């Protein structure tokens, strides 16, 4: 199994969140992952917004498609991990879901 690692950097531009993914080499990427065997994807939050962002989960418009088997979250909301057993072939799209300390609205990454 492979364990892949992406950093989720969140900045504000024009007062709103911008999500910039970096890979283990420090390169900006799309945070997309191809899974070619059973493995994990670990996302680490680097919140530079001053809005107190914490992960609360990972959201899917097609949550029963079988592409991702499970989501785990750390107690401090700085990490989410995806389990992908890579049995079902195909593609899924997801949005990070975060709380913030400025208001009671949840924050989503781009569709």
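Residue numbers count along the first chain shown, from 1.
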Q. If you average the Cα B factors in the entry, which is higher, 1-9 or 101-109?
A. 1-9
Q | Mean C-alpha temperature factor, higher of 14-22 and 83-91 | A | 83-91
Q: Specify which of 75, 34, 49, 62 carries the largest Cα B factor in the deposited PDB entry.
A: 34
Q. Per the coordinate record, which of the options 71, 53, 28, 56 holds the highest CA temperature factor?
A. 28
Q.
Can you tell me whether residue 38 has a C-alpha B-factor in the lowest, middle or highest third compared with the other modelled residues of the same chain?
A. highest
